[PDB]
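Undergrad: Taking the deposited numbering, I'd label the letters of the sequence shown as residues 273 to 311, 317 to 344, 356 to 406, 418 to 455, 471 to 584, 588 to 791, 799 to 891.
The beta carbon of each residue, even a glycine, is placed where N, CA and C say it ideally should be.
Okay, here's the structure, questions in a sec.
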Amino acid sequence: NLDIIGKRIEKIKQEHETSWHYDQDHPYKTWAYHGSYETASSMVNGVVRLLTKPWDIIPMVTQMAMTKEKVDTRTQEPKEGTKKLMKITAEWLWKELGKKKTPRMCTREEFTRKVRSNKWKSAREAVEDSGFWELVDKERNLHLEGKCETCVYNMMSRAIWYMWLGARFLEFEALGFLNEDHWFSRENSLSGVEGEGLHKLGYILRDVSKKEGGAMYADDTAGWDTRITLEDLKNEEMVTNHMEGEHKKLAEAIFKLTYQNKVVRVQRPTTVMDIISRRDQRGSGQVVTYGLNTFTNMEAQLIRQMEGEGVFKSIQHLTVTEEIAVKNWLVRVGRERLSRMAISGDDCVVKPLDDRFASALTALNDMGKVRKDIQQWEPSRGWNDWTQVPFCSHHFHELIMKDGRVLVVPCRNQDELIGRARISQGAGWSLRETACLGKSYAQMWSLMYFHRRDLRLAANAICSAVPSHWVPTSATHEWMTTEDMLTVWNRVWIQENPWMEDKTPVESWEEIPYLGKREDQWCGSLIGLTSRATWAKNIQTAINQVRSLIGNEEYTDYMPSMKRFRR
Ligand SMILES: O=C(c1ccco1)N1CCN(C(=O)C2CC2)CC1
Ligand SMILES: [Cl-]
Ligand SMILES: [Zn+2]
Ligand SMILES: [Zn+2]
């Protein structure tokens, strides 16, 4: 333990030798405390808020802009039968994921290009300073030597662990391939959805619905990242078994020194910097966190499926022939069972063979993946209709175009969409940068949420209010473009859509349908309210208010793309 974390602890004690104090009133039980030393609210987007006036009196919108007891927890050691199921399943899953992919190191060039597209002031500055890279080299050579000096986390149902850019590089070099080479694409992982836009996710859920079987289950885990066991981290580490030479050694060091042993500096108002350590839980880059969460979720859900199908009798202990049965299940039907699932990190949808899955809870609870908002042994409540299943914060509607073609569209409560577009993060936004962020939300709404009456109108208004040539600023983001949004809509929903056989382009926005008016209201629309009527009728006055603030620029009127403003 301290042989792996001591050097990092020693180095920090020195940069604060006139403060090091072993507080005895420390608030840590599950985190090991080592010592102490002496040591970003949401802003409103004015462009979006001025063009969404009716929502100024909707508390579900307005409260979103205003204003850890789970990290300090301890998950128990799984039983021996549970550990066997996880090791057999993880071994088989890394082999399947690796059948058509080659693990490889990511490069300083790739890392530099990422930072250049979002002592040293910023990341862009450090990437260019050859002094930085000489620091990376020292740490790198130390990792090859099996030791760590500078890979330390900083803390800040969310908890984000920043490290310095150098440590982030070493993580990206060893494990970036998982994301950069799409190991969790649907084509490669079967259950995954990595690189699938919101315009794909509903079609994927409808394809899972077409399988014979039981209800669709979408159980959320209570604090997934806090329930990652040291056994989970050891099964995730087995990806290094597919690696070779240097890469194998560099990846092994990231898992050993930074994931399976962690050093964290947390601020305590009491102000002292708390240097704490622990072996378990998730604490990695957010992108590596997504892939390893997807992997360990796919494993956990296949084991729950095995439990429901009776592949093993008890988690207490696998018999020798139960192990052969688990292996033979994976080889015989593993790829089919993966295709019965849609898994995005800690978020899953599973269509099992039948509803025995609902009460198959012993492995899931013993792995520590305890379900949110339900008693530990109460059977899961499944969904009978793919259009009601929650996934990635959405549900999905089946929408038939006047010409008979079928759109499967993403949806969520409209107060959440408007309340999020009204918020910026960070300081020093110019009026132009605030306008270009509003334009990014407006174009996302035109592409993904065109079927919501209020959002198509508000999107058209924002795009009318912001200069036509200004570039939108700050999954697939096809809305981040200055191309005409009708041309982008045709490319995404018709041309490139593998579920649409007839490729006839749409010639105008009037061909593109809305939800039913009652369904639009059920999902949050203000259609029918006097306020919404006054907003819609007077929208050119709101557009002109924003144009007057931005000043004398080139603007386009997009409002006559809608039937009601077309004379
Ligand atoms: O519900 C609707 C409507 C508009 C489009 C589809 O349905 N309306 C018409 C506009 N309205 C008004 O002008 C009334 C003064 C509020 C409210 C009733
Ligand atoms: Cl249902
Ligand atoms: Zn290190
Ligand atoms: Zn909806």
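Let's see if you can read the secondary structure: which residues bound the beta strand (DSSP E) around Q581?
TA: Taken as a continuous stretch (DSSP letters only), the beta strand (DSSP E) holding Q581 covers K576 to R582.
Undergrad: Strictly by DSSP, which residues pair up with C728?
TA: Paired residue(s): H712.
Undergrad: Starting from the N-terminal side, write out each stretch of the beta strand (DSSP E) that is 3 residues or longer and does not extend beyond the stretch 618-679.
TA: Correct list: 658-661 and 664-667.
Undergrad: Hey, is the stretch 674-687 in contact with the stretch 608-623, meaning 3+ C-beta pairs nearer than 8 Å?
TA: Touching, per the Cβ criterion.
Undergrad: Just the Cα atoms here: how many angstroms apart are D436 and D428?
TA: About 13 Å.
Undergrad: Is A481 near ligand 3, judged by its Cβ being under 7 Å from some heavy atom?
TA: The answer is yes for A481.
Undergrad: Give the DSSP-derived three-state secondary structure of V589 in the structure shown.
TA: Note: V589 maps to strand in three-state DSSP.
Undergrad: Within this structure, are the beta carbons of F708 and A532 separated by less than 8 Å?
TA: A contact, by the Cβ cut-off of 8 Å.
Undergrad: Using a Cβ-based criterion (distance less than 7 Å to any ligand heavy atom), does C847 qualify as near ligand 4?
TA: Under cutoff, so the answer is yes.
Undergrad: Do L716 and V726 have their C-beta atoms within less than 8 Å of each other?
TA: It is a contact, given that the beta carbons lie within the stated cut-off.
Undergrad: What three-state label does DSSP hand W382 in the structure shown?
TA: In the structure shown, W382 sits in a helix (DSSP, three-state: H, G or I).
Undergrad: Whole angstroms is fine: what's the gap from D664's alpha carbon to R621's?
TA: Those two C-alpha atoms are separated by around 15 Å.
Undergrad: Classify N440 as helix, strand or coil using the three-state DSSP reduction.
TA: Helix, per DSSP.
Undergrad: Got a sec: does ligand 4 put a non-hydrogen atom nearer than 7 Å to the Cβ of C728?
TA: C728: yes, Cβ under 7 Å from ligand 4.
Undergrad: Who sits around ligand 2, taking every residue whose Cβ is closer than 5 Å to one of its heavy atoms?
TA: Having a Cβ closer than 5 Å to some heavy atom of ligand 2 are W700, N701, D702 and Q705.
Undergrad: Using 8 Å as the threshold, is the stretch 388-403 in touch with the stretch 632-649, meaning 3 or more CB pairs across them?
TA: No, the stretch 388-403 is not in contact with the stretch 632-649.
Undergrad: Less than 8 Å between the beta carbons of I276 and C447, yes or no?
TA: Yes; because the gap between Cβ atoms is below 8 Å, this pair is in contact.
Undergrad: At a cut-off of 7 Å, would you count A677 as near ligand 1, judging by its Cβ distance to the nearest heavy atom?
TA: No; taking the cut-off as 7 Å, the Cβ of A677 has no heavy atom of ligand 1 nearer than that.
Undergrad: Run through DSSP, which three-state label would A304 get?
TA: Looking at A304 - three-state DSSP - the assignment turns out to be strand.
Undergrad: Could you tell me which of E287, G736 and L512 sits nearest to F767, measuring between CA atoms?
TA: Selected option, being the one with the closest Cα: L512.
Undergrad: Say the cut is 7 Å; is the CB of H298 nearer than that to a heavy atom of ligand 4?
TA: Not so, every heavy atom of ligand 4 lies at least 7 Å from the Cβ.
Undergrad: Under a three-way DSSP split, which group does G369 fall into?
TA: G369: helix per DSSP, three-state reduction.
Undergrad: So is the beta-carbon of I474 under 7 Å away from any non-hydrogen atom of ligand 1?
TA: The answer is no for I474.
Undergrad: Is the stretch 383-393 close to the stretch 492-503, with three or more CB pairs under 8 Å?
TA: The stretch 383-393, when compared against the stretch 492-503, does touch it at the 8 Å Cβ threshold.
Undergrad: Just to confirm, is the Cβ distance from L519 to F713 under 8 Å?
TA: Cβ distance < 8 Å, so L519 and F713 count as in contact.
Undergrad: Just the residues with CB closer than 5 Å to a heavy atom of ligand 1, in chain order, which are they?
TA: Output, sorted by chain position: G852, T854 and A857.
Undergrad: Got a sec, what are the start and stop residues for the alpha helix (DSSP H) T554 sits in?
TA: Careful: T554 lies outside any alpha helix (DSSP H) and carries neither H nor E.
Undergrad: So, is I474 buried or exposed, given that buried needs 16 or more other C-beta atoms within 10 angstroms?
TA: Exposed.
Undergrad: On the three-state DSSP scale, how would you describe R688?
TA: Here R688 sits in strand by DSSP.
Undergrad: Between the stretch 688-698 and the stretch 551-566, do three or more beta carbon pairs fall short of 8 Å?
TA: Result no; under three Cβ-Cβ pairs closer than 8 Å.
Undergrad: Exposed or buried, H306, counting other C-beta atoms within 10 Å across all chains shown (16 or more means buried)?
TA: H306 should be labelled buried.
Undergrad: Could you give the C-beta distance for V324 and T751, rounded to a whole number, given that I count them as a contact under 8 Å?
TA: With 8 Å as the limit, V324 and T751 qualify as a contact, their Cβ atoms being about 6 Å apart.
Undergrad: Figure out for me which residue from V723, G745 and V667 has the closest Cα to the Cα of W817.
TA: Of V723, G745 and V667, the residue nearest in Cα terms is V723.
Undergrad: Below 7 Å, is the gap between the Cβ of residue 223 and the nearest heavy atom of ligand 4?
TA: Summary: the structure shown does not reach residue 223, with the chain confined to residues 273 through 891, and so no result is reported for it.
Undergrad: Less than 8 Å separating the beta-carbons of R657 and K525?
TA: In this structure, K525 lies closer than 8 Å to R657 by Cβ.
Undergrad: Just the C-alpha distance for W803 and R891, rounded to the nearest angstrom, thanks.
TA: Roughly 28 Å separates the two Cα atoms.
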